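The structure appears right after this line, and notes come after that.
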Ligand SMILES: NCc1ccc(C(F)(F)F)cc1
Ligand SMILES: NCc1ccc(C(F)(F)F)cc1
């Protein structure tokens, strides 16, 4: 079997992407943030503290004939940005673009952090990292991808994110019309539970390509690109008036500047991120200082190939027994 669904930016800056997901019988459609950096499927629900819900669509397990409470199971998650949420667990039927999984763990949020309450457009997350990171206690639960793996024509899913435009998540097959040239595959380490790989280097604008191993994770759930300080300093040195602002918490640049592109290596192939992708607009309404989409990972402890990088490519998450990542230009 296969599945195909459209994913759409939540705002004019591509801060996140939402994808409709059907939960329960009869279907309740929620717009989830597909997150290859985490492994929990959790939703706003009828159980969420009422003051912490501000416009989200909620899952109501009492109205699903296939919902089963998972006795004694709880969950609690903290993300790298300080966000968090927690609650109890149901099993239910979940469908993504016509691909169905019965008995999927649906984690009902009882408590959510402020950043989630303020994002009216995201009803929950669908984690697509490896199941070892799932936070359900005392019995760990599998992700949607892991549960669907056996029924899929091929144990893969692909991420085709749009720049200021809708995109596609596909499960079970690789659309050979969605990219140009060849797909370059690279080895994945699962030892930390992430889609972790090693980039072979980078270039700034038309500059010389610098061969250097950059270890990082492919994370649809993270907006920006986070790379080591040396690389990020080399990029922003090419933008007149750019500087790192402690009060703003990152590199900023004059909104009137033109940004150079950024190239990152995948084996012997190159993925080029257009400079326009690196512009995240004014730091505040009316400001002439703009926020940059390439930031330092020094404070994070790991490099993150977030949406800024991934939307420049067609990306294959190959969940074979030896997992690999595929990158192609598009
Ligand atoms: N998108 C989920 C996510 C968020 C943060 C991290 C960090 F910070 F641990 F790298 C990993 C995964
Ligand atoms: N990396 C996972 C993640 C995704 C979205 C959010 C937001 F946007 F709700 F803050 C936080 C964390």
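Don't worry about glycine lacking a Cβ; one is built from the backbone with ideal geometry, like all the others, and counts go over all protein chains shown. Computed from the coordinates by the stated procedures, all read-outs in this text should not be read as laboratory data.
Remark: relative contact order (the stretch 175-330) = 32 percent; criterion is Cα-Cα distance under 8 angstrom and separation of 6 or more residues. Cβ crowding within 10 Å ranks 51, 240, 233 as 51, 240, 233, fewest other Cβ atoms first.
Using a 10 Å cut-off around each Cβ, can you sort 196, 52 from fewest to most neighbouring Cβ atoms?
On the way: 196 23, 52 17.
Placing the least packed residue first, the sequence is 52, 196.
Stretched out fully, how many nm does the piece from residue 111 to residue 272 gain, at 0.36 nm a residue minus the Cα gap?
Net length gain for the segment: 53.9 nm.
For the stretch 163-193, backbone nitrogen atoms closer than 19 Å to the point 7 Å from residue 121 Cα along Cα-to-C-beta are found at 163-169.
What relative contact order, as a whole-number percentage, does the chain give when Cα pairs under 8 Å and 6 or more residues apart are counted?
Details: 856 pairs, mean separation 61.8, N = 330.
Once normalised by length, the contact order is 19 percent.
State whether the stretch 5-174 is rounded, prolate or oblate according to the following rule on the C-alpha gyration tensor (a ≥ b ≥ c being the square roots of its eigenvalues): a/c under 1.5 gives rounded; otherwise a/b larger than b/c gives prolate, and the remaining case gives oblate. Because its axes are fairly even, with a/c under 1.5, the stretch 5-174 counts as rounded. A crude spin-label estimate for the pair residue 60 and residue 209, with each label 7 Å from Cα along the Cβ direction, gives 5.6 nm. Listing 70, 325 from fewest to most neighbouring C-beta atoms within 10 Å gives 70, 325. Using the Cα coordinates of the stretch 175-330, the gyration tensor eigenvalues translate into equivalent-ellipsoid semi-axes of 27, 16, 14 Å, sorted from longest to shortest. Is any residue of the stretch 93-112 close enough, with backbone N under 18 Å, to a label point placed 7 angstrom from the Cα of residue 27 along the Cα-Cβ axis, and if so, which? Backbone N within reach: 93-104. Spin-label model, residue 233 to residue 1: label points 7 Å out along the Cα-to-beta-carbon direction sit 5.3 nm apart.
Entry note, the chain: the mean residue ellipticity at 222 nm calculated from DSSP H runs of n ≥ 4, each adding -39500 (n - 2.57), is -1500 deg cm²/dmol after division by the residues and rounding to the nearest 500.
Once the Cα-Cα distance is subtracted from the 0.36 nm per residue extended length, the residue 46 to residue 176 segment shows a gain of 42.7 nm. At full extension, residue 302 and residue 164 could sit 47.0 nm farther apart than now, given 0.36 nm per residue minus the alpha carbon distance. Under 10 Å, Cα contacts only: if you run a Gaussian network model on the chain, which one of 175, 88, 15 comes out with the highest mean-square fluctuation? Most flexible of the set in this elastic network: 175. Note on residue 320 and residue 191: the model spin-label points, each 7 Å out from Cα along the C-beta direction, lie 2.2 nm apart.
Equivalent-ellipsoid semi-axes for the stretch 81-174 (Cα gyration tensor, √(5λ), whole Å, largest first): 24, 20, 12. Between the alpha-carbon centers of the stretch 168-223 and the stretch 288-324, tell me the distance in whole angstrom. First find each Cα centre; the distance between them is then 8 Å.
Normalising the average separation of contacting C-alpha pairs (under 8 angstrom, six or more residues apart) by the number of residues puts the relative contact order of the stretch 290-330 at 28 percent. Grouping the Cα pair distances of the chain into 20 Å bins from zero gives a pair-distance distribution of 32, 57, 11, 0 percent in increasing distance order.
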